[PDB]
$ cat query37.txt   # compact mmCIF, N, CA and C atoms
# COMPACT_ATOMS: atom_id res chain seq x y z
N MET A 1 13.49 -14.10 18.06
CA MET A 1 12.60 -13.04 17.51
C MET A 1 11.24 -13.06 18.20
N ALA A 2 10.90 -11.96 18.87
CA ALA A 2 9.63 -11.85 19.57
C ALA A 2 8.48 -11.67 18.59
N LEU A 3 7.76 -12.76 18.32
CA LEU A 3 6.63 -12.72 17.40
C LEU A 3 5.59 -13.77 17.76
N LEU A 4 4.50 -13.33 18.38
CA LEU A 4 3.43 -14.24 18.78
C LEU A 4 2.74 -14.84 17.56
N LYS A 5 2.02 -15.94 17.78
CA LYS A 5 1.31 -16.61 16.70
C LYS A 5 0.28 -15.68 16.06
N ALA A 6 -0.55 -15.07 16.89
CA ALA A 6 -1.58 -14.16 16.40
C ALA A 6 -0.97 -12.85 15.91
N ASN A 7 0.10 -12.42 16.58
CA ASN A 7 0.78 -11.18 16.21
C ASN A 7 1.47 -11.32 14.86
N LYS A 8 2.22 -12.40 14.69
CA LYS A 8 2.93 -12.65 13.44
C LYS A 8 1.96 -13.06 12.33
N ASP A 9 0.88 -13.72 12.72
CA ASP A 9 -0.13 -14.17 11.76
C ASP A 9 -0.76 -12.98 11.04
N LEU A 10 -0.86 -11.86 11.74
CA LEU A 10 -1.44 -10.65 11.18
C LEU A 10 -0.51 -10.02 10.14
N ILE A 11 0.77 -9.94 10.48
CA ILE A 11 1.76 -9.36 9.59
C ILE A 11 1.97 -10.23 8.35
N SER A 12 1.88 -11.54 8.54
CA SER A 12 2.06 -12.48 7.44
C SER A 12 1.06 -12.21 6.32
N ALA A 13 -0.19 -11.93 6.71
CA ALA A 13 -1.24 -11.65 5.74
C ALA A 13 -0.89 -10.43 4.89
N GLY A 14 -0.46 -9.36 5.56
CA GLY A 14 -0.09 -8.15 4.85
C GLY A 14 1.16 -8.32 4.02
N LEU A 15 2.09 -9.13 4.51
CA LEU A 15 3.35 -9.38 3.81
C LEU A 15 3.09 -9.96 2.42
N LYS A 16 2.24 -10.98 2.37
CA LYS A 16 1.91 -11.63 1.10
C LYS A 16 1.09 -10.70 0.21
N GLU A 17 0.26 -9.88 0.83
CA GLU A 17 -0.58 -8.94 0.10
C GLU A 17 0.27 -7.97 -0.72
N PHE A 18 1.40 -7.57 -0.16
CA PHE A 18 2.31 -6.65 -0.84
C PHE A 18 3.03 -7.34 -1.99
N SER A 19 3.42 -8.60 -1.77
CA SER A 19 4.12 -9.37 -2.78
C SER A 19 3.22 -9.63 -3.99
N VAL A 20 2.02 -10.14 -3.72
CA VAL A 20 1.07 -10.44 -4.79
C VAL A 20 0.68 -9.17 -5.54
N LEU A 21 0.37 -8.12 -4.79
CA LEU A 21 -0.03 -6.85 -5.37
C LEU A 21 1.06 -6.30 -6.28
N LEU A 22 2.32 -6.52 -5.89
CA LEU A 22 3.45 -6.04 -6.67
C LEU A 22 3.59 -6.84 -7.96
N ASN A 23 3.21 -8.11 -7.91
CA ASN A 23 3.29 -8.98 -9.08
C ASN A 23 2.44 -8.43 -10.23
N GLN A 24 1.37 -7.73 -9.88
CA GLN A 24 0.48 -7.15 -10.88
C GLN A 24 1.21 -6.13 -11.74
N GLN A 25 2.20 -5.46 -11.15
CA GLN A 25 2.98 -4.46 -11.86
C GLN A 25 3.68 -5.07 -13.07
N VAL A 26 3.63 -4.37 -14.19
CA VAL A 26 4.27 -4.85 -15.42
C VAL A 26 5.47 -3.99 -15.78
N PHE A 27 5.40 -2.70 -15.45
CA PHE A 27 6.49 -1.78 -15.74
C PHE A 27 6.75 -1.69 -17.24
N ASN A 28 6.01 -0.81 -17.91
CA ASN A 28 6.16 -0.63 -19.35
C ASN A 28 5.53 0.68 -19.81
N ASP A 29 4.35 0.99 -19.28
CA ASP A 29 3.65 2.21 -19.64
C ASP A 29 3.29 3.03 -18.42
N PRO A 30 4.24 3.24 -17.51
CA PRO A 30 3.97 4.05 -16.35
C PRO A 30 4.07 5.52 -16.72
N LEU A 31 2.98 6.22 -16.53
CA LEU A 31 2.90 7.64 -16.83
C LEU A 31 3.28 8.48 -15.61
N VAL A 32 3.00 7.95 -14.43
CA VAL A 32 3.31 8.65 -13.19
C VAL A 32 4.82 8.75 -12.98
N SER A 33 5.28 9.95 -12.61
CA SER A 33 6.70 10.19 -12.38
C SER A 33 7.18 9.41 -11.16
N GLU A 34 8.50 9.35 -10.99
CA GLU A 34 9.10 8.64 -9.87
C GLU A 34 8.81 9.37 -8.56
N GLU A 35 8.71 10.69 -8.63
CA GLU A 35 8.44 11.50 -7.45
C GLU A 35 7.03 11.27 -6.94
N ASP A 36 6.06 11.35 -7.84
CA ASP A 36 4.66 11.14 -7.48
C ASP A 36 4.41 9.72 -7.01
N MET A 37 5.25 8.81 -7.49
CA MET A 37 5.14 7.40 -7.12
C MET A 37 5.57 7.18 -5.68
N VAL A 38 6.51 7.99 -5.21
CA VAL A 38 7.01 7.89 -3.85
C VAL A 38 5.89 8.10 -2.83
N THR A 39 5.13 9.18 -3.01
CA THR A 39 4.03 9.50 -2.11
C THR A 39 2.99 8.38 -2.11
N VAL A 40 2.84 7.72 -3.26
CA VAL A 40 1.88 6.64 -3.39
C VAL A 40 2.25 5.47 -2.48
N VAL A 41 3.53 5.11 -2.48
CA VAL A 41 4.01 4.01 -1.65
C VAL A 41 3.75 4.28 -0.17
N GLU A 42 3.92 5.54 0.23
CA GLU A 42 3.70 5.93 1.62
C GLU A 42 2.22 5.84 1.99
N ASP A 43 1.37 6.41 1.14
CA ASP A 43 -0.07 6.40 1.38
C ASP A 43 -0.62 4.98 1.29
N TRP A 44 0.00 4.16 0.44
CA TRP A 44 -0.43 2.78 0.26
C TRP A 44 -0.34 2.01 1.57
N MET A 45 0.79 2.14 2.25
CA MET A 45 1.00 1.45 3.52
C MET A 45 0.12 2.04 4.61
N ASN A 46 -0.05 3.36 4.57
CA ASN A 46 -0.88 4.05 5.56
C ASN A 46 -2.30 3.52 5.55
N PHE A 47 -2.78 3.13 4.37
CA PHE A 47 -4.13 2.60 4.22
C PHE A 47 -4.23 1.20 4.80
N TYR A 48 -3.20 0.38 4.54
CA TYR A 48 -3.18 -0.99 5.03
C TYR A 48 -3.05 -1.02 6.55
N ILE A 49 -2.17 -0.17 7.08
CA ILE A 49 -1.95 -0.10 8.52
C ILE A 49 -3.22 0.32 9.25
N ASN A 50 -4.00 1.18 8.61
CA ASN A 50 -5.25 1.67 9.20
C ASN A 50 -6.28 0.55 9.26
N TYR A 51 -6.23 -0.35 8.29
CA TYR A 51 -7.17 -1.47 8.24
C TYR A 51 -6.82 -2.53 9.28
N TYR A 52 -5.56 -2.94 9.30
CA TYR A 52 -5.09 -3.95 10.25
C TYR A 52 -5.30 -3.48 11.68
N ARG A 53 -4.91 -2.24 11.96
CA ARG A 53 -5.05 -1.67 13.29
C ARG A 53 -6.50 -1.73 13.76
N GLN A 54 -7.43 -1.81 12.81
CA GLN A 54 -8.85 -1.88 13.14
C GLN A 54 -9.30 -3.33 13.33
N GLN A 55 -8.35 -4.26 13.34
CA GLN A 55 -8.66 -5.67 13.52
C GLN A 55 -7.54 -6.38 14.27
N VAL A 56 -7.04 -5.74 15.32
CA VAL A 56 -5.97 -6.30 16.13
C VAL A 56 -6.52 -6.98 17.38
N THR A 57 -5.64 -7.62 18.14
CA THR A 57 -6.03 -8.31 19.36
C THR A 57 -4.80 -8.66 20.18
N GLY A 58 -4.96 -8.59 21.49
CA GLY A 58 -3.87 -8.89 22.39
C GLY A 58 -3.78 -7.91 23.53
N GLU A 59 -2.58 -7.38 23.75
CA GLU A 59 -2.35 -6.41 24.81
C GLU A 59 -1.96 -5.06 24.22
N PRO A 60 -2.07 -3.98 25.02
CA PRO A 60 -1.73 -2.63 24.57
C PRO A 60 -0.36 -2.56 23.90
N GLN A 61 0.65 -3.08 24.59
CA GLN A 61 2.01 -3.08 24.06
C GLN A 61 2.18 -4.13 22.97
N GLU A 62 1.45 -5.24 23.10
CA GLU A 62 1.53 -6.32 22.13
C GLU A 62 1.04 -5.85 20.76
N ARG A 63 -0.15 -5.26 20.74
CA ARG A 63 -0.73 -4.76 19.50
C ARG A 63 0.17 -3.69 18.88
N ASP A 64 0.80 -2.89 19.73
CA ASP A 64 1.69 -1.83 19.28
C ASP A 64 2.99 -2.42 18.73
N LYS A 65 3.45 -3.50 19.34
CA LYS A 65 4.68 -4.16 18.92
C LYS A 65 4.47 -4.91 17.60
N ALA A 66 3.28 -5.49 17.43
CA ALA A 66 2.96 -6.24 16.23
C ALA A 66 2.74 -5.30 15.04
N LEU A 67 2.10 -4.17 15.31
CA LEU A 67 1.82 -3.19 14.26
C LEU A 67 3.07 -2.40 13.90
N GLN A 68 3.95 -2.22 14.88
CA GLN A 68 5.19 -1.48 14.66
C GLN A 68 6.09 -2.20 13.66
N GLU A 69 6.04 -3.53 13.68
CA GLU A 69 6.85 -4.34 12.77
C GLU A 69 6.30 -4.29 11.36
N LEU A 70 4.99 -4.12 11.24
CA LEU A 70 4.35 -4.03 9.94
C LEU A 70 5.05 -3.00 9.07
N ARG A 71 5.62 -1.99 9.72
CA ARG A 71 6.33 -0.92 9.01
C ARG A 71 7.61 -1.44 8.38
N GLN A 72 8.33 -2.28 9.12
CA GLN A 72 9.59 -2.85 8.63
C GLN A 72 9.36 -3.66 7.36
N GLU A 73 8.30 -4.47 7.37
CA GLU A 73 7.97 -5.30 6.22
C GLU A 73 7.69 -4.45 4.98
N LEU A 74 6.80 -3.47 5.13
CA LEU A 74 6.45 -2.58 4.03
C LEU A 74 7.62 -1.67 3.67
N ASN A 75 8.41 -1.30 4.68
CA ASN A 75 9.55 -0.42 4.47
C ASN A 75 10.55 -1.05 3.49
N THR A 76 10.91 -2.30 3.74
CA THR A 76 11.84 -3.01 2.89
C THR A 76 11.19 -3.43 1.58
N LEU A 77 9.92 -3.82 1.64
CA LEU A 77 9.21 -4.25 0.45
C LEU A 77 9.38 -3.22 -0.66
N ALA A 78 9.55 -1.97 -0.25
CA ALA A 78 9.76 -0.87 -1.18
C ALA A 78 11.15 -0.95 -1.81
N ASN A 79 12.11 -1.53 -1.08
CA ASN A 79 13.48 -1.64 -1.59
C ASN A 79 13.53 -2.22 -3.00
N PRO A 80 12.94 -3.41 -3.21
CA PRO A 80 12.93 -4.06 -4.53
C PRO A 80 12.11 -3.28 -5.55
N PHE A 81 10.99 -2.71 -5.10
CA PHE A 81 10.12 -1.94 -5.97
C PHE A 81 10.83 -0.69 -6.48
N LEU A 82 11.41 0.07 -5.56
CA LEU A 82 12.13 1.29 -5.92
C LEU A 82 13.34 0.98 -6.78
N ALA A 83 14.03 -0.11 -6.45
CA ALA A 83 15.22 -0.52 -7.20
C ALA A 83 14.86 -0.93 -8.62
N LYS A 84 13.70 -1.56 -8.78
CA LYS A 84 13.24 -2.00 -10.09
C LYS A 84 12.87 -0.81 -10.97
N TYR A 85 12.01 0.06 -10.45
CA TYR A 85 11.58 1.24 -11.19
C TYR A 85 12.77 2.13 -11.54
N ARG A 86 13.59 2.43 -10.54
CA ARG A 86 14.77 3.27 -10.74
C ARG A 86 15.71 2.64 -11.76
N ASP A 87 15.76 1.31 -11.78
CA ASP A 87 16.62 0.59 -12.70
C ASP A 87 16.01 0.54 -14.10
N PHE A 88 14.69 0.38 -14.15
CA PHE A 88 13.98 0.32 -15.43
C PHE A 88 13.93 1.70 -16.08
N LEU A 89 13.39 2.68 -15.36
CA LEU A 89 13.28 4.04 -15.87
C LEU A 89 14.07 5.01 -15.00
N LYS A 90 14.04 6.29 -15.38
CA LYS A 90 14.76 7.32 -14.64
C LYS A 90 14.24 7.42 -13.21
$ encode --input "query37.txt" --output "structure tokens"
Amino acid sequence: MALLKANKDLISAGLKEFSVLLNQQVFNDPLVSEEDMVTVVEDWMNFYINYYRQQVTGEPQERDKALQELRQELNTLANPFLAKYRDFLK
């Protein structure tokens, strides 16, 4: 797996941020619909990616390769979240 120390070190920070942030969720009094929640997950990652991209380092392709993977992490991170909500409520 092609993952530099500094490159992977950046994604690791965001990876844990999503896990911890998700832990805050209680799932009991969610007023927001499942549809409106979808757009939130997308915008949520867009905000994080914009921050990290503003603090990268390496090479043109390296930074692009490291940031490109950030999507995979957040992409799947949604799998458990969506499965939980969909399983808990409609």
$ closest_residue --input "query37.txt" --among "A:90, A:85, A:76, A:63" --to "residue 26 of chain A" --atoms "only C-alpha atoms"
A:85
$ closest_residue --input "query37.txt" --among "A:25, A:80, A:75, A:5" --to "residue 45 of chain A" --atoms "all atoms listed in the file"
A:75
$ atom_distance --input "query37.txt" --atom1 "atom N of residue 67 of chain A" --atom2 "atom CA of residue 21 of chain A"
21.0 Å
$ atom_distance --input "query37.txt" --atom1 "atom C of residue 42 of chain A" --atom2 "atom C of residue 20 of chain A"
16.9 Å
$ closest_residue --input "query37.txt" --among "A:55, A:19, A:50, A:39" --to "residue 6 of chain A" --atoms "only C-alpha atoms"
A:55
$ closest_residue --input "query37.txt" --among "A:22, A:14, A:60, A:65" --to "residue 48 of chain A" --atoms "only N, CA and C atoms"
A:14
$ residues_near_point --input "query37.txt" --point "(10.6, 8.3, -10.7)" --cutoff "7 Å" --atoms "only C-alpha atoms" --output "list in words"
residues 33, 34, 35, 37, 86 and 90 of chain A
$ write_last_selection --input "query37.txt" --atoms "N, CA and C atoms" --output "PDB file, in the frame of the given file"
ATOM      1  N   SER A  33       5.280   9.950 -12.610  1.00  0.00           N
ATOM      2  CA  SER A  33       6.700  10.190 -12.380  1.00  0.00           C
ATOM      3  C   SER A  33       7.180   9.410 -11.160  1.00  0.00           C
ATOM      4  N   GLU A  34       8.500   9.350 -10.990  1.00  0.00           N
ATOM      5  CA  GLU A  34       9.100   8.640  -9.870  1.00  0.00           C
ATOM      6  C   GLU A  34       8.810   9.370  -8.560  1.00  0.00           C
ATOM      7  N   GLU A  35       8.710  10.690  -8.630  1.00  0.00           N
ATOM      8  CA  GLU A  35       8.440  11.500  -7.450  1.00  0.00           C
ATOM      9  C   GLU A  35       7.030  11.270  -6.940  1.00  0.00           C
ATOM     10  N   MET A  37       5.250   8.810  -7.490  1.00  0.00           N
ATOM     11  CA  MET A  37       5.140   7.400  -7.120  1.00  0.00           C
ATOM     12  C   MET A  37       5.570   7.180  -5.680  1.00  0.00           C
ATOM     13  N   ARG A  86      13.590   2.430 -10.540  1.00  0.00           N
ATOM     14  CA  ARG A  86      14.770   3.270 -10.740  1.00  0.00           C
ATOM     15  C   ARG A  86      15.710   2.640 -11.760  1.00  0.00           C
ATOM     16  N   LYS A  90      14.040   6.290 -15.380  1.00  0.00           N
ATOM     17  CA  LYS A  90      14.760   7.320 -14.640  1.00  0.00           C
ATOM     18  C   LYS A  90      14.240   7.420 -13.210  1.00  0.00           C
TER      19      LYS A  90
END
$ select_by_dssp --input "query37.txt" --residues "chain A" --states "alpha helix (DSSP H)" --output "PyMOL selection string"
chain A and resi 5-23+34-52+60-88
$ axis_aligned_box --input "query37.txt" --around "segment 60-71 of chain A" --padding-each-side "8 Å" --output "JSON"
{"center_x": 2.8, "center_y": -3.6, "center_z": 16.7, "size_x": 25.7, "size_y": 21.4, "size_z": 32.6}
$ atom_distance --input "query37.txt" --atom1 "atom CA of residue 77 of chain A" --atom2 "atom CA of residue 44 of chain A"
11.9 Å
$ closest_residue --input "query37.txt" --among "A:74, A:2, A:83, A:31" --to "residue 15 of chain A" --atoms "all atoms listed in the file"
A:74
$ build_atoms --input "query37.txt" --residues "segment 64-81 of chain A" --atoms "N, CA, C and O atoms" --output "CSV table (one decimal), keeping the file's coordinate frame"
chain,number,residue,atom,x,y,z
A,64,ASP,N,0.8,-2.9,19.7
A,64,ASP,CA,1.7,-1.8,19.3
A,64,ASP,C,3.0,-2.4,18.7
A,64,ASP,O,3.6,-1.9,17.8
A,65,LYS,N,3.4,-3.5,19.3
A,65,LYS,CA,4.7,-4.2,18.9
A,65,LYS,C,4.5,-4.9,17.6
A,65,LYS,O,5.4,-5.0,16.8
A,66,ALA,N,3.3,-5.5,17.4
A,66,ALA,CA,3.0,-6.2,16.2
A,66,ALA,C,2.7,-5.3,15.0
A,66,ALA,O,3.1,-5.6,13.9
A,67,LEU,N,2.1,-4.2,15.3
A,67,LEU,CA,1.8,-3.2,14.3
A,67,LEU,C,3.1,-2.4,13.9
A,67,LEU,O,3.2,-2.0,12.8
A,68,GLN,N,4.0,-2.2,14.9
A,68,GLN,CA,5.2,-1.5,14.7
A,68,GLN,C,6.1,-2.2,13.7
A,68,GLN,O,6.8,-1.6,12.9
A,69,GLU,N,6.0,-3.5,13.7
A,69,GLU,CA,6.8,-4.3,12.8
A,69,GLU,C,6.3,-4.3,11.4
A,69,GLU,O,7.1,-4.4,10.4
A,70,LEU,N,5.0,-4.1,11.2
A,70,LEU,CA,4.4,-4.0,9.9
A,70,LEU,C,5.0,-3.0,9.1
A,70,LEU,O,5.1,-3.1,7.8
A,71,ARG,N,5.6,-2.0,9.7
A,71,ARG,CA,6.3,-0.9,9.0
A,71,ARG,C,7.6,-1.4,8.4
A,71,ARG,O,7.9,-1.1,7.2
A,72,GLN,N,8.3,-2.3,9.1
A,72,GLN,CA,9.6,-2.8,8.6
A,72,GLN,C,9.4,-3.7,7.4
A,72,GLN,O,10.1,-3.6,6.4
A,73,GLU,N,8.3,-4.5,7.4
A,73,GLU,CA,8.0,-5.3,6.2
A,73,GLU,C,7.7,-4.4,5.0
A,73,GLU,O,8.3,-4.7,3.9
A,74,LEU,N,6.8,-3.5,5.1
A,74,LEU,CA,6.4,-2.6,4.0
A,74,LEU,C,7.6,-1.7,3.7
A,74,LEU,O,7.8,-1.3,2.5
A,75,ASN,N,8.4,-1.3,4.7
A,75,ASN,CA,9.6,-0.4,4.5
A,75,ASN,C,10.6,-1.0,3.5
A,75,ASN,O,11.0,-0.4,2.5
A,76,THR,N,10.9,-2.3,3.7
A,76,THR,CA,11.8,-3.0,2.9
A,76,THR,C,11.2,-3.4,1.6
A,76,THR,O,11.8,-3.4,0.5
A,77,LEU,N,9.9,-3.8,1.6
A,77,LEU,CA,9.2,-4.2,0.4
A,77,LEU,C,9.4,-3.2,-0.7
A,77,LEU,O,9.4,-3.5,-1.8
A,78,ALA,N,9.6,-2.0,-0.2
A,78,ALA,CA,9.8,-0.9,-1.2
A,78,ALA,C,11.2,-1.0,-1.8
A,78,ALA,O,11.4,-0.5,-2.9
A,79,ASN,N,12.1,-1.5,-1.1
A,79,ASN,CA,13.5,-1.6,-1.6
A,79,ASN,C,13.5,-2.2,-3.0
A,79,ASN,O,14.1,-1.6,-3.9
A,80,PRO,N,12.9,-3.4,-3.2
A,80,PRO,CA,12.9,-4.1,-4.5
A,80,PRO,C,12.1,-3.3,-5.6
A,80,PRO,O,12.5,-3.2,-6.7
A,81,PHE,N,11.0,-2.7,-5.1
A,81,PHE,CA,10.1,-1.9,-6.0
A,81,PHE,C,10.8,-0.7,-6.5
A,81,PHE,O,10.8,-0.4,-7.7
